[PDB]
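Enquirer: First the structure, which I've put down as structure tokens, then a few questions once you've had a look.
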Amino acid sequence: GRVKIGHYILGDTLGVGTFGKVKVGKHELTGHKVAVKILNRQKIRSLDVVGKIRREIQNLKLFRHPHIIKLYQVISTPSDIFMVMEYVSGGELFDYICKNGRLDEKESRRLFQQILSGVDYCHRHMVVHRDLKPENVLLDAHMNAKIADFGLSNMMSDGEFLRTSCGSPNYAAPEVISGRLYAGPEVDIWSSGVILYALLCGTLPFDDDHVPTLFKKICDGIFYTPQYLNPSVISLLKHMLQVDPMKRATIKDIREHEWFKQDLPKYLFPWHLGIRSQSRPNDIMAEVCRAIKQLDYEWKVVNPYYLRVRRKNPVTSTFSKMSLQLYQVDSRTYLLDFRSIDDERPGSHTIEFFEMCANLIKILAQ
Amino acid sequence: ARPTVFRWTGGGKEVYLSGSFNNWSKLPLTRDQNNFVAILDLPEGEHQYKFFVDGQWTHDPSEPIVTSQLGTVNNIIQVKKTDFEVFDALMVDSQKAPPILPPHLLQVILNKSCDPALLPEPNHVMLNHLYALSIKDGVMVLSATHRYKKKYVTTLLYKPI
Amino acid sequence: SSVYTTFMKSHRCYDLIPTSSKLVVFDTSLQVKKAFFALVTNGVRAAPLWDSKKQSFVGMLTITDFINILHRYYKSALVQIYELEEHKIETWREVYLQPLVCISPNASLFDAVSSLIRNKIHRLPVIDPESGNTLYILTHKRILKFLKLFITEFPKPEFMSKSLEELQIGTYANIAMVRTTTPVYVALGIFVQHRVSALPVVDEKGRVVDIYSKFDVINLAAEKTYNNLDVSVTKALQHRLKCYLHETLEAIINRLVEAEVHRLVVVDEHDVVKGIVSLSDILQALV
Ligand SMILES: Nc1ncnc2c1ncn2[C@@H]1O[C@H](COP(=O)(O)O)[C@@H](O)[C@H]1O
Ligand SMILES: [Cl-]
Ligand SMILES: [Cl-]
Ligand SMILES: [Cl-]
């Protein structure tokens, strides 16, 4: 009376995962092995991580890339939620680097092209696997890289940033460790940047046993480059490991890079914002809400610096919405940004937004 | 196949599971690492069970009980239809200073000799955002890039104020 | 029902919408001089109008509007055109023509060409029925540029081989032409009363030296030189093609698209021309 989910006899626990226990499943009849994430409904009920697990399920569902661990099925029982996935014999790329040495230039690149390939597919689907590390990059029998924990992944939205500063300290981007909000893919490039370092060197580019000093190292963007390293790869790392996101390499910038280009298999790839006010951030919110009330617009308060304002069209009798988020530019200045909230016909949505916005600017400060 | 995992987060050398679903017969729980486990496919409905933990019968006090008219205390499980749809099962489980301006909202596609009515593919992150020109001869110029399907359109409103 | 008719009937307007474009909208309340300046400073031959009070796009502002204002209200080179300098768009639209023609992105290119000829227009706003907003402005040039892609790869029918003369495409009767000495004011006049887009400029000798067009007129706005229209058409063109009757429709189409021009002067044996063929006529003859 051995534990099994259908014809898959469950075996050894290969890991604990971001969410649930990952066990092996060798098929009773065919001997086919699968990896099974067991999300215990007794533990998932507990938090509001219920969303963070519906996010992993939903994202991963439609994917099918050669270097992303495949989701075969997701089966729900009263007890738990099982996620049947493709199983690989090689385990952690991390343990491979530990056990074997640093990877040779040829091998380092081979594996890097694969990890970047998967990472590209992800972004191309507006999915961003925050928490990219060799611990989450698995190897198969002929050691092809396979991306694996989409628990800390997230769906990129049109006109929206993301805060959740997640992932292992070493592999976490300066803006992540800093807590500042990012677009998404910059972050995965900075992680893929350290992965390449670990590949060619066998060590980490930013490391310290004291966490805050490590955080400073990461933000200083300064790391060692051994003599054995090729200057061309050094230049690529210099670009991926840029502290400023606006100066940091893009997947395109990497595809364009000569080091990355060498022996690449073809199967892998195919005016100013808002109004700025120098007033007190609380006083700005105060100034805005008495101006919103003036325009008779309805609204709801999310964050103290975030408002969702609605407006009944006096002519077409239809509703128009916008997101008002206060930011901070200088050490002395503050900026108010107007984003459109696309509803779901008699008069244009786009122009109705401009009108709603202009009506406010007509009275507000600088 | 949708089997229900029974767990025994207790101690013990030998643990068994007796249920209505197996006609009150001692089914052995396999010691995982932490708990003693068994996985059985149980149909939609009410099911009572108990545990034989080291020659002593008990319910899991953690799990719901049911006391009979006869004095027997058994555990109980309601296997609902909701317990099978992955997203339906997800819903049933539910029950200081302003941020620093991200650098991506400073890059304007209107700012940066082909078509004058032709612009580059904008970064998704600035779609729906309001960028306005300084108020001139009593005229305020407003712009926003929006996407319709695989196409992007930067609309410019020339509005007197 | 030619192959092109069935080709245009198959393709959505959306297909012609570029990957990332600019769209300039004017509120009807905006000053009319500002409106024209904006067309120039943004680099766009036209812009849709928005009535904020009516909460709908009530029309379009083109160079044709400038040509009609600039002519109706030009008192002299000594007195500034008051009306233009102090009119709103809504006040001028009240003067002229005392409704907005558009198309859905999910509508055929056939319905788009049909609309252009049927409504006797050059600009066609593509407006989304779902959102209610204008996405792109469909021009004859864009439509023919794309149709060209089809006929270069697809085998040419018998009528494409035939001559412009024997096919009878384009206006050849009562062709409005200007002279070298003709002033800009007279030129605008002809544009207004003859409803034409361009006027060929003949020499004192009689050979066509140049060509004045609705587009040339915007340089008056651009170079802020509009206040004197007494200047000869040649003096105006100081800021800065042909075809024969006997030529094939194919050869003619290739020239119109390559040159990226809106018409071709149709010459006889000599410098002096027998008529004019336009993109409108080419597109009407393929739909
Ligand atoms: N100079 C001209 N004289 C007479 N008809 C013209 C002239 N230029 C264009 N047309 C005609 O005007 C119609 C519409 O063309 P267009 O206004 O040029 O887009 C066509 O039938 C043209 O042949
Ligand atoms: Cl682990
Ligand atoms: Cl085995
Ligand atoms: Cl394998």
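How things are named: the first chain in the structure tokens is A, the next is B, and so on; residues count from 1 in each chain; ligands count from 1 in the order shown.
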For a quick test of understanding: name the residues of chain B lying within 9 Å of chain C when counting only C-alpha atoms, and present them as a ChimeraX atom specification.

Expert: /B:110,115-122,137,139,145,147-148,150-160

Enquirer: Write out as a VMD selection string all residues of range 160-347 of chain A that backbone DSSP assigns to strand (DSSP E).

Expert: chain A and resid 272 to 273 275 to 277 298 to 301 306 to 312 319 to 327 334 to 341

Enquirer: If you keep N, CA and C atoms, can you produce a file of those selected residues as an mmCIF file, in the first residue's frame?

Expert:
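Result saved to out.cif:
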data_model
loop_
_atom_site.group_PDB
_atom_site.id
_atom_site.type_symbol
_atom_site.label_atom_id
_atom_site.label_comp_id
_atom_site.auth_asym_id
_atom_site.auth_seq_id
_atom_site.Cartn_x
_atom_site.Cartn_y
_atom_site.Cartn_z
ATOM 1 N N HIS A 272 7.005 66.046 -20.789
ATOM 2 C CA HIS A 272 7.341 65.496 -19.467
ATOM 3 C C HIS A 272 6.170 64.841 -18.752
ATOM 4 N N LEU A 273 6.476 63.802 -17.955
ATOM 5 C CA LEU A 273 5.497 63.040 -17.178
ATOM 6 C C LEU A 273 4.836 63.882 -16.085
ATOM 7 N N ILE A 275 2.618 66.199 -13.367
ATOM 8 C CA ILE A 275 2.877 67.509 -12.758
ATOM 9 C C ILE A 275 3.717 67.352 -11.483
ATOM 10 N N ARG A 276 4.839 68.088 -11.395
ATOM 11 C CA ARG A 276 5.729 68.009 -10.233
ATOM 12 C C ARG A 276 5.453 69.122 -9.214
ATOM 13 N N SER A 277 5.306 68.751 -7.919
ATOM 14 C CA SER A 277 5.052 69.679 -6.805
ATOM 15 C C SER A 277 6.104 69.525 -5.697
ATOM 16 N N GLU A 298 -15.765 60.917 -8.465
ATOM 17 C CA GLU A 298 -15.750 59.958 -7.370
ATOM 18 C C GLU A 298 -14.351 59.350 -7.361
ATOM 19 N N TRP A 299 -13.915 58.786 -6.221
ATOM 20 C CA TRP A 299 -12.606 58.131 -6.094
ATOM 21 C C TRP A 299 -12.557 57.154 -4.929
ATOM 22 N N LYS A 300 -11.513 56.305 -4.913
ATOM 23 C CA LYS A 300 -11.223 55.344 -3.848
ATOM 24 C C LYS A 300 -9.723 55.451 -3.501
ATOM 25 N N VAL A 301 -9.371 55.334 -2.207
ATOM 26 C CA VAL A 301 -7.984 55.458 -1.733
ATOM 27 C C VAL A 301 -7.364 54.077 -1.434
ATOM 28 N N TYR A 306 -1.785 56.625 -3.476
ATOM 29 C CA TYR A 306 -2.445 55.992 -4.623
ATOM 30 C C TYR A 306 -3.979 56.134 -4.531
ATOM 31 N N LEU A 307 -4.594 56.739 -5.578
ATOM 32 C CA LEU A 307 -6.040 56.969 -5.685
ATOM 33 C C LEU A 307 -6.602 56.456 -7.022
ATOM 34 N N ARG A 308 -7.777 55.794 -6.986
ATOM 35 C CA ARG A 308 -8.488 55.325 -8.182
ATOM 36 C C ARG A 308 -9.730 56.244 -8.352
ATOM 37 N N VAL A 309 -9.640 57.204 -9.288
ATOM 38 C CA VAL A 309 -10.691 58.194 -9.539
ATOM 39 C C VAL A 309 -11.538 57.802 -10.777
ATOM 40 N N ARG A 310 -12.872 57.884 -10.593
ATOM 41 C CA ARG A 310 -13.952 57.579 -11.538
ATOM 42 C C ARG A 310 -14.735 58.874 -11.893
ATOM 43 N N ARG A 311 -15.310 58.918 -13.111
ATOM 44 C CA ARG A 311 -16.073 60.058 -13.612
ATOM 45 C C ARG A 311 -17.227 59.632 -14.526
ATOM 46 N N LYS A 312 -18.432 60.092 -14.184
ATOM 47 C CA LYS A 312 -19.643 59.855 -14.952
ATOM 48 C C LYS A 312 -19.612 60.888 -16.070
ATOM 49 N N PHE A 319 -18.768 55.665 -17.758
ATOM 50 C CA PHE A 319 -17.696 55.839 -16.783
ATOM 51 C C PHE A 319 -16.277 55.752 -17.354
ATOM 52 N N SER A 320 -15.409 56.664 -16.870
ATOM 53 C CA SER A 320 -13.997 56.810 -17.228
ATOM 54 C C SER A 320 -13.162 56.829 -15.922
ATOM 55 N N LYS A 321 -12.061 56.053 -15.879
ATOM 56 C CA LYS A 321 -11.212 55.923 -14.687
ATOM 57 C C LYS A 321 -9.725 56.236 -14.964
ATOM 58 N N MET A 322 -8.957 56.535 -13.885
ATOM 59 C CA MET A 322 -7.507 56.800 -13.904
ATOM 60 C C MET A 322 -6.832 56.524 -12.541
ATOM 61 N N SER A 323 -5.545 56.112 -12.580
ATOM 62 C CA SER A 323 -4.709 55.822 -11.401
ATOM 63 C C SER A 323 -3.748 56.999 -11.109
ATOM 64 N N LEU A 324 -3.873 57.596 -9.908
ATOM 65 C CA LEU A 324 -3.053 58.732 -9.487
ATOM 66 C C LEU A 324 -2.058 58.288 -8.417
ATOM 67 N N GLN A 325 -0.776 58.158 -8.797
ATOM 68 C CA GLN A 325 0.280 57.706 -7.885
ATOM 69 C C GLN A 325 1.355 58.765 -7.733
ATOM 70 N N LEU A 326 1.602 59.186 -6.485
ATOM 71 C CA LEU A 326 2.636 60.165 -6.188
ATOM 72 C C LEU A 326 3.977 59.461 -6.040
ATOM 73 N N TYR A 327 5.002 60.003 -6.706
ATOM 74 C CA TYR A 327 6.382 59.535 -6.650
ATOM 75 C C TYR A 327 7.257 60.646 -6.055
ATOM 76 N N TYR A 334 8.659 66.187 -5.764
ATOM 77 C CA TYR A 334 7.676 65.095 -5.823
ATOM 78 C C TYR A 334 6.934 65.168 -7.167
ATOM 79 N N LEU A 335 6.572 64.016 -7.755
ATOM 80 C CA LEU A 335 5.897 63.964 -9.061
ATOM 81 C C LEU A 335 4.587 63.180 -8.990
ATOM 82 N N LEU A 336 3.504 63.706 -9.592
ATOM 83 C CA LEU A 336 2.210 63.014 -9.616
ATOM 84 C C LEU A 336 1.952 62.473 -11.015
ATOM 85 N N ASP A 337 1.769 61.147 -11.113
ATOM 86 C CA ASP A 337 1.571 60.435 -12.372
ATOM 87 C C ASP A 337 0.139 59.918 -12.581
ATOM 88 N N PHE A 338 -0.377 60.163 -13.796
ATOM 89 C CA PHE A 338 -1.717 59.806 -14.253
ATOM 90 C C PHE A 338 -1.655 58.639 -15.245
ATOM 91 N N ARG A 339 -2.162 57.463 -14.833
ATOM 92 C CA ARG A 339 -2.235 56.252 -15.659
ATOM 93 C C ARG A 339 -3.708 55.991 -15.993
ATOM 94 N N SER A 340 -3.989 55.479 -17.203
ATOM 95 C CA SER A 340 -5.344 55.140 -17.634
ATOM 96 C C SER A 340 -5.723 53.701 -17.224
ATOM 97 N N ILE A 341 -6.981 53.538 -16.800
ATOM 98 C CA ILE A 341 -7.543 52.259 -16.394
ATOM 99 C C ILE A 341 -8.537 51.902 -17.478
#

Enquirer: Mind listing the residues within 10 Å of ligand 3, only C-alpha atoms and all ligand atoms counted, as a list in words?

Expert: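 Counting only what the definition allows, namely only C-alpha atoms and all ligand atoms, the set is residues 11, 24, 25, 26, 27, 31, 32 and 33 of chain A.
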
Enquirer: Take the residues just selected and output them with C-alpha atoms as a short mmCIF file (atom, residue, chain, number, x, y, z; two decimals), in the first residue's frame.

Expert:
data_model
loop_
_atom_site.label_atom_id
_atom_site.label_comp_id
_atom_site.auth_asym_id
_atom_site.auth_seq_id
_atom_site.Cartn_x
_atom_site.Cartn_y
_atom_site.Cartn_z
CA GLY A 11 9.45 8.30 -4.08
CA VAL A 24 9.62 11.84 -7.68
CA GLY A 25 7.01 9.71 -9.44
CA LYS A 26 8.08 6.56 -11.29
CA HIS A 27 5.16 5.21 -13.40
CA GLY A 31 8.74 3.61 -15.61
CA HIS A 32 8.38 7.31 -16.65
CA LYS A 33 9.59 9.66 -13.87
#

Enquirer: What does the distance from CA of residue 87 in chain B to CA of residue 49 in chain A come to in Å, to one decimal?

Expert: 13.7 Å

Enquirer: Do you know which residues are within 12 Å of ligand 1 using only C-alpha atoms and all ligand atoms? Can you write them as a ChimeraX atom specification?

Expert: /C:64,116-123,139-141,168-178,187,190-201,211-215,261-266,273-285

Enquirer: Pick out the residues sitting within 12 Å of residue 225 in chain C, and hand them over as a PDB file with C-alpha atoms, in the first residue's frame; count only C-alpha atoms, and ignore anything fewer than 5 positions along from it in its own chain.

Expert:
ATOM      1  CA  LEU C  70      -6.489  81.936 -46.476  1.00  0.00           C
ATOM      2  CA  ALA C  77      -0.333  92.168 -47.974  1.00  0.00           C
ATOM      3  CA  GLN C  80      -3.092  90.970 -41.516  1.00  0.00           C
ATOM      4  CA  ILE C  81      -5.734  88.208 -42.103  1.00  0.00           C
ATOM      5  CA  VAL C 184      -0.677  82.422 -54.682  1.00  0.00           C
ATOM      6  CA  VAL C 217       0.376  75.848 -49.419  1.00  0.00           C
ATOM      7  CA  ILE C 218       1.448  74.659 -45.905  1.00  0.00           C
ATOM      8  CA  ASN C 219       4.904  76.195 -46.405  1.00  0.00           C
ATOM      9  CA  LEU C 220       3.098  79.603 -46.018  1.00  0.00           C
ATOM     10  CA  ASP C 230       0.420  88.564 -54.011  1.00  0.00           C
ATOM     11  CA  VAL C 231       3.723  86.633 -54.609  1.00  0.00           C
ATOM     12  CA  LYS C 235       8.282  82.939 -55.947  1.00  0.00           C
ATOM     13  CA  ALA C 236       6.370  80.670 -53.515  1.00  0.00           C
ATOM     14  CA  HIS C 239      11.475  77.378 -50.772  1.00  0.00           C
TER      15      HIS C 239
END

Enquirer: If you run DSSP on the backbone here, which positions in range 219-340 of chain A get helix (DSSP H, G or I)? Please write them as a VMD selection string.

Expert: chain A and resid 219 to 220 231 to 240 245 to 247 251 to 255 258 to 261 281 to 294

Enquirer: Output the selection as a compact mmCIF listing (two decimals), in the first residue's frame - N, CA, C and O atoms for each residue.

Expert:
# COMPACT_ATOMS: atom_id res chain seq x y z
N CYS A 219 25.28 47.04 -4.55
CA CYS A 219 24.92 48.39 -4.96
C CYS A 219 26.09 49.18 -5.50
O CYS A 219 25.87 50.12 -6.28
N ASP A 220 27.32 48.80 -5.12
CA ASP A 220 28.54 49.43 -5.61
C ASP A 220 28.86 48.92 -7.02
O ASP A 220 29.63 49.56 -7.74
N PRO A 231 38.44 38.86 -22.06
CA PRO A 231 37.99 40.26 -21.94
C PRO A 231 36.61 40.55 -22.55
O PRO A 231 35.87 41.42 -22.06
N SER A 232 36.25 39.76 -23.57
CA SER A 232 34.97 39.85 -24.23
C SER A 232 33.86 39.46 -23.26
O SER A 232 32.85 40.15 -23.19
N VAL A 233 34.05 38.38 -22.48
CA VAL A 233 32.99 38.00 -21.56
C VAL A 233 32.92 39.00 -20.43
O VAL A 233 31.82 39.38 -20.03
N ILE A 234 34.09 39.54 -20.01
CA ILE A 234 34.21 40.57 -18.97
C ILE A 234 33.35 41.76 -19.38
O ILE A 234 32.52 42.21 -18.58
N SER A 235 33.46 42.20 -20.65
CA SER A 235 32.65 43.32 -21.14
C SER A 235 31.15 43.03 -21.08
O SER A 235 30.40 43.91 -20.68
N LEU A 236 30.74 41.79 -21.40
CA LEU A 236 29.33 41.39 -21.33
C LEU A 236 28.84 41.45 -19.89
O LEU A 236 27.76 41.99 -19.65
N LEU A 237 29.64 40.93 -18.93
CA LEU A 237 29.29 40.96 -17.50
C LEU A 237 29.18 42.41 -17.05
O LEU A 237 28.22 42.75 -16.36
N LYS A 238 30.13 43.26 -17.48
CA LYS A 238 30.17 44.68 -17.16
C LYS A 238 28.80 45.32 -17.54
O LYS A 238 28.28 46.16 -16.79
N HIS A 239 28.19 44.86 -18.66
CA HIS A 239 26.91 45.37 -19.15
C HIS A 239 25.68 44.80 -18.43
O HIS A 239 24.72 45.53 -18.18
N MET A 240 25.68 43.50 -18.16
CA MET A 240 24.55 42.87 -17.49
C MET A 240 24.53 43.27 -16.02
O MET A 240 23.46 43.29 -15.42
N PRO A 245 19.65 50.65 -13.87
CA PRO A 245 18.88 49.83 -14.84
C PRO A 245 18.86 50.39 -16.27
O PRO A 245 18.90 49.62 -17.23
N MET A 246 18.88 51.73 -16.41
CA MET A 246 18.85 52.40 -17.70
C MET A 246 20.16 52.28 -18.48
O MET A 246 20.25 52.74 -19.63
N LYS A 247 21.18 51.67 -17.87
CA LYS A 247 22.47 51.46 -18.52
C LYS A 247 22.73 49.97 -18.67
O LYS A 247 23.64 49.57 -19.39
N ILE A 251 18.25 41.81 -23.39
CA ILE A 251 18.46 40.53 -24.07
C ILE A 251 19.02 40.80 -25.48
O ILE A 251 19.95 40.11 -25.90
N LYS A 252 18.50 41.85 -26.16
CA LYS A 252 18.95 42.30 -27.48
C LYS A 252 20.42 42.65 -27.40
O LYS A 252 21.20 42.07 -28.13
N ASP A 253 20.81 43.51 -26.45
CA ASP A 253 22.20 43.91 -26.23
C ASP A 253 23.13 42.67 -26.10
O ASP A 253 24.25 42.71 -26.63
N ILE A 254 22.63 41.58 -25.47
CA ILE A 254 23.34 40.31 -25.29
C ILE A 254 23.37 39.50 -26.59
O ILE A 254 24.42 38.94 -26.93
N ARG A 255 22.23 39.39 -27.28
CA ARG A 255 22.13 38.67 -28.55
C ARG A 255 23.14 39.29 -29.54
O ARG A 255 23.85 38.56 -30.23
N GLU A 258 29.19 39.66 -29.22
CA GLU A 258 30.08 38.72 -29.91
C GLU A 258 30.39 37.46 -29.13
O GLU A 258 30.50 36.40 -29.75
N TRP A 259 30.56 37.57 -27.80
CA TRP A 259 30.86 36.41 -26.96
C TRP A 259 29.67 35.50 -26.98
O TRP A 259 29.83 34.33 -27.31
N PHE A 260 28.45 36.06 -26.74
CA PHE A 260 27.19 35.33 -26.75
C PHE A 260 26.89 34.70 -28.09
O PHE A 260 26.40 33.56 -28.12
N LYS A 261 27.19 35.42 -29.20
CA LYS A 261 27.00 35.03 -30.60
C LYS A 261 27.71 33.73 -30.98
O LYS A 261 27.09 32.87 -31.63
N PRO A 281 4.30 65.73 0.86
CA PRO A 281 3.55 64.63 0.22
C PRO A 281 2.13 64.42 0.72
O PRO A 281 1.26 64.03 -0.06
N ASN A 282 1.90 64.71 2.00
CA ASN A 282 0.59 64.65 2.63
C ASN A 282 -0.26 65.84 2.14
O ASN A 282 -1.44 65.67 1.81
N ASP A 283 0.37 67.04 2.04
CA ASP A 283 -0.26 68.28 1.57
C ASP A 283 -0.64 68.19 0.09
O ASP A 283 -1.63 68.81 -0.32
N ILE A 284 0.15 67.45 -0.72
CA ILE A 284 -0.10 67.23 -2.14
C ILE A 284 -1.40 66.40 -2.28
O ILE A 284 -2.33 66.83 -2.96
N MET A 285 -1.48 65.27 -1.55
CA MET A 285 -2.65 64.39 -1.50
C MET A 285 -3.88 65.16 -1.04
O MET A 285 -4.97 64.98 -1.58
N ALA A 286 -3.67 66.07 -0.08
CA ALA A 286 -4.71 66.95 0.43
C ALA A 286 -5.17 67.90 -0.70
O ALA A 286 -6.36 67.92 -1.01
N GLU A 287 -4.21 68.60 -1.36
CA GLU A 287 -4.43 69.54 -2.48
C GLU A 287 -5.21 68.85 -3.61
O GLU A 287 -6.16 69.44 -4.12
N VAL A 288 -4.82 67.58 -3.96
CA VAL A 288 -5.44 66.80 -5.05
C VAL A 288 -6.88 66.38 -4.73
O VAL A 288 -7.74 66.58 -5.58
N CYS A 289 -7.15 65.82 -3.54
CA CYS A 289 -8.49 65.36 -3.21
C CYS A 289 -9.53 66.46 -3.12
O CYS A 289 -10.69 66.20 -3.45
N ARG A 290 -9.13 67.69 -2.74
CA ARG A 290 -10.08 68.81 -2.71
C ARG A 290 -10.27 69.37 -4.13
O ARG A 290 -11.26 70.06 -4.39
N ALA A 291 -9.36 69.02 -5.05
CA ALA A 291 -9.45 69.40 -6.46
C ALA A 291 -10.30 68.36 -7.20
O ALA A 291 -11.05 68.74 -8.10
N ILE A 292 -10.21 67.06 -6.80
CA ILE A 292 -11.00 65.95 -7.36
C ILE A 292 -12.48 66.23 -7.02
O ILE A 292 -13.33 66.20 -7.92
N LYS A 293 -12.75 66.55 -5.73
CA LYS A 293 -14.07 66.89 -5.19
C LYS A 293 -14.68 68.07 -5.95
O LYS A 293 -15.88 68.06 -6.22
N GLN A 294 -13.83 69.06 -6.32
CA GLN A 294 -14.23 70.25 -7.09
C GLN A 294 -14.79 69.84 -8.45
O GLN A 294 -15.82 70.38 -8.87

Enquirer: Using only C-alpha atoms and all ligand atoms, which residues of the polymer chains come no farther than 7 Å from ligand 4? I'd like the answer as number ranges by chain.

Expert: A: 87-90, 140-141

Enquirer: Write out as an mmCIF file with N, CA and C atoms, in the first residue's frame which residues come within 12 Å of residue 53 in chain C when counting only C-alpha atoms, dropping same-chain ones fewer than 5 positions away.

Expert:
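And here's out_16.cif as it stands now:
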data_model
loop_
_atom_site.group_PDB
_atom_site.id
_atom_site.type_symbol
_atom_site.label_atom_id
_atom_site.label_comp_id
_atom_site.auth_asym_id
_atom_site.auth_seq_id
_atom_site.Cartn_x
_atom_site.Cartn_y
_atom_site.Cartn_z
ATOM 1 N N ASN A 313 -19.690 60.440 -17.334
ATOM 2 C CA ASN A 313 -19.697 61.374 -18.455
ATOM 3 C C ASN A 313 -21.014 62.117 -18.399
ATOM 4 N N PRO A 314 -20.999 63.464 -18.378
ATOM 5 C CA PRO A 314 -22.277 64.196 -18.319
ATOM 6 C C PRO A 314 -23.081 64.133 -19.628
ATOM 7 N N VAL A 315 -22.416 63.766 -20.758
ATOM 8 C CA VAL A 315 -23.008 63.680 -22.099
ATOM 9 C C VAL A 315 -23.316 62.229 -22.509
ATOM 10 N N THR A 316 -22.296 61.366 -22.658
ATOM 11 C CA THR A 316 -22.503 59.987 -23.124
ATOM 12 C C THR A 316 -22.970 59.012 -22.018
ATOM 13 N N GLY A 347 -18.191 58.161 -27.228
ATOM 14 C CA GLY A 347 -17.110 59.137 -27.193
ATOM 15 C C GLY A 347 -15.851 58.457 -26.697
ATOM 16 N N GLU A 352 -11.291 61.158 -23.495
ATOM 17 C CA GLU A 352 -12.017 61.325 -22.225
ATOM 18 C C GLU A 352 -11.021 61.353 -21.051
ATOM 19 N N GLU A 355 -9.084 64.729 -21.085
ATOM 20 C CA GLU A 355 -10.016 65.706 -20.535
ATOM 21 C C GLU A 355 -10.069 65.633 -18.998
ATOM 22 N N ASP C 27 -9.008 70.089 -30.149
ATOM 23 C CA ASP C 27 -10.316 70.401 -29.581
ATOM 24 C C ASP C 27 -10.874 71.514 -30.496
ATOM 25 N N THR C 28 -12.199 71.508 -30.771
ATOM 26 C CA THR C 28 -12.849 72.496 -31.655
ATOM 27 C C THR C 28 -12.655 73.939 -31.164
ATOM 28 N N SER C 29 -12.476 74.104 -29.835
ATOM 29 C CA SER C 29 -12.256 75.366 -29.127
ATOM 30 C C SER C 29 -10.880 75.999 -29.384
ATOM 31 N N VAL C 58 -16.200 65.354 -34.464
ATOM 32 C CA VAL C 58 -17.166 65.989 -35.373
ATOM 33 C C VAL C 58 -16.635 66.255 -36.814
ATOM 34 N N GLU C 90 -14.103 75.696 -34.261
ATOM 35 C CA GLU C 90 -15.569 75.615 -34.238
ATOM 36 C C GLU C 90 -16.241 76.810 -34.931
#

Enquirer: May I have the residues of chain A within 6 Å of chain C, counting only C-alpha atoms, written as a PDB file with N, CA, C and O atoms, in the first residue's frame?

Expert:
ATOM      1  N   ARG A 345     -17.642  53.830 -25.960  1.00  0.00           N
ATOM      2  CA  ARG A 345     -18.192  53.645 -27.301  1.00  0.00           C
ATOM      3  C   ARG A 345     -18.791  54.918 -27.928  1.00  0.00           C
ATOM      4  O   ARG A 345     -18.485  55.142 -29.101  1.00  0.00           O
ATOM      5  N   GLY A 347     -18.191  58.161 -27.228  1.00  0.00           N
ATOM      6  CA  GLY A 347     -17.110  59.137 -27.193  1.00  0.00           C
ATOM      7  C   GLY A 347     -15.851  58.457 -26.697  1.00  0.00           C
ATOM      8  O   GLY A 347     -15.893  57.774 -25.669  1.00  0.00           O
ATOM      9  N   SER A 348     -14.741  58.613 -27.444  1.00  0.00           N
ATOM     10  CA  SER A 348     -13.410  58.023 -27.216  1.00  0.00           C
ATOM     11  C   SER A 348     -12.910  57.923 -25.782  1.00  0.00           C
ATOM     12  O   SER A 348     -12.930  58.920 -25.062  1.00  0.00           O
ATOM     13  N   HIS A 349     -12.372  56.752 -25.404  1.00  0.00           N
ATOM     14  CA  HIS A 349     -11.801  56.525 -24.079  1.00  0.00           C
ATOM     15  C   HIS A 349     -10.566  57.407 -23.900  1.00  0.00           C
ATOM     16  O   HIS A 349     -10.528  58.211 -22.971  1.00  0.00           O
TER      17      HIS A 349
END

Enquirer: Would you name the residues within 7 Å of ligand 2, counting only C-alpha atoms and all ligand atoms, and put them as a VMD selection string?

Expert: chain A and resid 15 to 17
